[PDB]
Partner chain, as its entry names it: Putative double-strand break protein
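In structure tokens, one chain follows: the form solved without its partner chain.
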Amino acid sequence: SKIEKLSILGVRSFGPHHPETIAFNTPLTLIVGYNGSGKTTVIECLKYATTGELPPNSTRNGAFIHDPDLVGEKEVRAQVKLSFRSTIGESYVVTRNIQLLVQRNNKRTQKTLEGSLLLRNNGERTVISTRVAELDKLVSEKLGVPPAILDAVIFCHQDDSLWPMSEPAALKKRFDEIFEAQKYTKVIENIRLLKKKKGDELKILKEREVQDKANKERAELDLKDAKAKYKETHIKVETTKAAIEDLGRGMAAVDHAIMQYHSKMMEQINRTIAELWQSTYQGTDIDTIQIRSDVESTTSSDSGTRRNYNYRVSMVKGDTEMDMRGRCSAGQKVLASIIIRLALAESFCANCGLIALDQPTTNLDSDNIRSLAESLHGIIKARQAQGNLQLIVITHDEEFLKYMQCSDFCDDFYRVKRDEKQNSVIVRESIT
């Protein structure tokens, strides 16, 4: 999977007339710029292009669309275009359009216009879909990334980048999505319903079997026919019994595979998190952090067995383990959230090396700024040859840039600036 080029028109501080573009490097796309230049907007456009999700608190009132009053028109059309290649060689472009009207009554109304996923063959166009509902499905499907991963891990909004350190209910929600826990309980539950239904049939069938057996002893129509219906019903009974077991064994197999998958996944995730923490965190006070999962089970013959995962991020010091929630510093929260997202990206999409880190050194001190950068350099070096990585870093931290030593990977970087009209523009610069 790979993302090639992004096009932005009329989104936030990007003007409505002339599209601005950025092309993504491998293994690293570096984006710098002043406060309010428009860097975070770039990642907003990647998330919108891939999922149709708009930034939180910007979904209505057209905060996402370049404000009509600034340009002097009563209507502004926004457009985002993303070109990418699927896991197989294939080449796609997704376009999305959104409109913002200022009516004569000053009322603003936002409307989502038609978009399109189109396939390019040898450089020539074919329409795959023009329905926004399918685009979400199709793009992630082509990219090789679940939507829950695009949303929470890869294109995580800067305002939301600390979700791993949030309250338990919220944390659970995001892991439940990432693990699709609602989907598999619905699987288990449907099988259970079917099993109960086949169970009701079996009671009726055994009755009938007892009845047809007796008619055969009395006949013993006629005894030759009397044996026929007895046999027909006997087979339905035995056949139903077998069906009941198969549904039951299958139900158990599904539950077991699901429970082991979850364990394996969590074991991998905690390993990476432990490695990332021990390498990068300079403090002595926390040796490692871990995601601990507490399963709540409720078992009844009517509701069968339903598992509920509760999740916690704990920090480990010596013998002691404590829940980090409500107990970690601003800087610790920032580092833990980045590492956990890296760990999830590595476990859940082991092969698409895609993640956006928007201003990773927030609240980090000088030592941690250095080590984080060197760890990022270390991740890149290890995976550069494999061709796996498309990593996007946004920063204006000069200390961070210096220690990353990105020139080893980059021939260029992108700078987002405001022009004289105060429009966001994206200029490509030489690594020099």
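Numbering follows the first chain given and starts at 1.
The deposited sequence places 10 or more unmodelled residues between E220 and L221. The stretch 301-309 shows the higher mean C-alpha B-factor when 301-309 is compared against 287-295 in the entry. Of the two segments examined, 125-133 and 72-80, it is 125-133 that shows the higher average Cα temperature factor in the deposited entry. Between the residues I188, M324, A274, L162, the entry's highest C-alpha temperature factor is the one at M324. Each of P360, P147, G318, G199 has a CA temperature factor in the record; the biggest one is found at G318.
In this PDB entry, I88 carries a Cα temperature factor that places it within the highest third of its chain's modelled residues. For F179, the recorded CA temperature factor ranks within the middle third of the chain's modelled residues. When the CA B factors of the chain's modelled residues are split into thirds, the value for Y261 lands in the middle one. Ranked by Cα temperature factor within the chain, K381 sits in the middle third according to the deposited record. Per the deposited record, the Cα B-factor of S7 falls in the lowest third when ranked against the other modelled residues of its chain.
The form deposited with its partner chain bound exists for this protein as well; it is not shown, and the discussion that follows is about that form.
A heavy atom within 4.5 Å of its partner chain in the bound PDB entry is found for one listed residue only; from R125, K186, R292, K111, this is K186. Interface residue among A148, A226, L194, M266 relative to its partner chain in the bound PDB entry, by the heavy atom within 4.5 Å criterion: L194. Using a 4.5 Å cutoff between non-hydrogen atoms, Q211 does not count as a contact of its partner chain in the bound PDB entry. Contact annotation: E180 falls within 4.5 Å of its partner chain in the bound PDB entry, judged by heavy atom distances. None of the heavy atoms of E90 is located within 4.5 Å of its partner chain in the bound PDB entry. In the bound PDB entry, its partner chain lies farther than 4.5 Å from every heavy atom of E217. Comparing 233-241, 126-134, 293-301, 79-87 against its partner chain in the bound PDB entry, the single stretch with non-hydrogen atoms within 4.5 angstroms of it is 233-241. Residues of 237-276 placing a heavy atom within 4.5 Å of its partner chain in the bound PDB entry, in sequence order: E238, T239, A242, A243, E245, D246, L247, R249, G250, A252, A253, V254, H256, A257, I258, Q260, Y261, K264.
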